[PDB]
Amino acid sequence: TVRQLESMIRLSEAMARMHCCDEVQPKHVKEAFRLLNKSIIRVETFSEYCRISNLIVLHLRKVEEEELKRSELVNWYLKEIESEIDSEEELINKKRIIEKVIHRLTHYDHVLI
Amino acid sequence: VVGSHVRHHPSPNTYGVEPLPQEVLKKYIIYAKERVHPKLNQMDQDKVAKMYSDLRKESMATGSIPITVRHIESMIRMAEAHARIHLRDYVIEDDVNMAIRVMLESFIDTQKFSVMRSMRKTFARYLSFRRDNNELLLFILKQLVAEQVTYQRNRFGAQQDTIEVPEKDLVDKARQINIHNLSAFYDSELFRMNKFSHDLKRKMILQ
Amino acid sequence: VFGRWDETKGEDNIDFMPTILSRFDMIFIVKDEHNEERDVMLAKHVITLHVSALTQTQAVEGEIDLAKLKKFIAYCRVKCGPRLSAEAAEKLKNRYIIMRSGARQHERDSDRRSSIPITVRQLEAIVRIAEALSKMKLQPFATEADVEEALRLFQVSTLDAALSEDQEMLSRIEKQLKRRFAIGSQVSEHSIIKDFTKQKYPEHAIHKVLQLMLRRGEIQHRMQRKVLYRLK
């Protein structure tokens, strides 16, 4: 939040006081920014599943709002990926993965009906 | 925030022409409270009744949190408040419309996603009183930009250096809102404030 | 209990135990009866009251002033107190026996314990209401008309609260719709309307059931407002 901005300003002032300089220069701001970033720790649980789910939700909601079935969705996703997959083995593996993910989303997560 | 911090060391952005000084504002408030008593002798009951009936009918059609009599009373209060601002001894249609808009916005903002979206789509007529079409077009452009950025972040895994959007989608949405001209929006100050640019060579909007 | 009344659910809308409910003489239930023509009347009445509050404060038709009404009520309470008569007592006996028998039959048929029981306390409440009606006229003895009015009021309040054919018919429609619908299937509103009109049920009941289901969240709109689908 903005409290982080105030903390950054305070840390820059503290660093300037430490170095006895009369003005705040970008080095102190960079140090404060680095320290604040190192303070934050990411949560460990998966990202690929979230990205695929978000893409599916975005596509389905765009289709619904602008104006398909499960097979149509899978075909559209494969068509979009076409430029990214070079071999048939990877294509079929990704197809199985997305089919399982869609089944989980429809049945387990209840996100899609 | 940084400017405020820098200014107060020990050693004009709004569309309004000029904000009033605090003492004049206090005197205005005192005078309005002391010597203004608006009257409702010129109210239009038919429009209010029709609006209330339609609101209740469509709220029950949605089926969640129907409107009641209370809001109307609040609306009346707000109308009187507006009549106190302009020192009018009688309430006119402008204050009633403003109170209706404020009450409808407050009621709509408390609903959930689908209901709020449906109500916003249905009641665009009342919520647009004394509004700016440029603001609505800016909202549409922001929605489109947010959608594009979300798609880019989800697929590519990182943001790109530039954001582009076709003009045709904005034109179609404006037609849906019954707007057919956008030159004023391009020349509007809000367009430059949000750092948007329009390219006729590609018929695109870039940010 | 749920924040708004659910007509089809009937009971379970009251959290109070039957013990505390037995003490109350009368129980009234008010619902938001949505009529298009009624809301206009209410809005116009409210606006007219707000407008006329500034100018005149006068009785509509012979209404008693607040101070005069207060003094009159105090005088009536202080002055006298009436008691019942034999014929009214016999009539109330017969009516109470019939009401208790009907309540027992209704409880047996519905196969569910009523949250609003009928006991001797209700008989005493009816006696008290009749006595109050007689006291209102300063008469030393009550008449049959006061007992009839008290019985009418007690019916309209308590029997309507406890027995809460329209609601049973709505329950029938709800059961039929639950049996006909399936999870994940889509149904057009016109199909439902035609099916239930061929069964000769009123359209208003069907619309009310659909609105209640929408409130609960079982029914959702897929394509505009023409086709509905079932959720849980």
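In chain A, numbers come from Swiss-Prot; the residues present are 617-661, 717-738, 743-788, in order.
Going by what the header records, the deposited coordinates were determined by electron microscopy, 3.2 Å.
Backbone N, Cα and C atoms are what each Cβ position is placed from, and that goes for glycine too.
Within 10 Å of the C-beta atom of A:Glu622 (ADP binding site) sit 12 other C-beta atoms, taking all shown protein chains into account. Feature annotation from Swiss-Prot assigns ADP binding site to A:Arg619, A:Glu622.
According to DSSP, A:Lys643 (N6-acetyllysine) is assigned to a helical segment. The local packing around A:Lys643 (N6-acetyllysine), expressed as other Cβ atoms within 10 Å of its Cβ over all shown chains, amounts to 13. Taken from Swiss-Prot, the feature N6-acetyllysine applies to A:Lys643, supported by similarity to another entry.
According to Swiss-Prot, the feature phosphoserine maps to A:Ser762, an assignment based on a large-scale study or a structure entry. A:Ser762 (phosphoserine) counts 8 other C-beta atoms within 10 Å of its own C-beta, drawing on all protein chains shown.
Proximity to chain B (Cβ-Cβ distance under 8 Å) holds for none of the recorded positions A:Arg619, A:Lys643, A:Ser762. Note: the Cα of A:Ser762 (phosphoserine) and the Cα of A:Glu622 (ADP binding site) are spaced 52 Å from each other. If you take the Cα of A:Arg619 (ADP binding site) and the Cα of A:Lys643 (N6-acetyllysine), they are about 21 angstrom apart, rounded to a whole number. If you take the Cα of A:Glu622 (ADP binding site) and the Cα of A:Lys643 (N6-acetyllysine), they are about 17 angstrom apart, rounded to a whole number.
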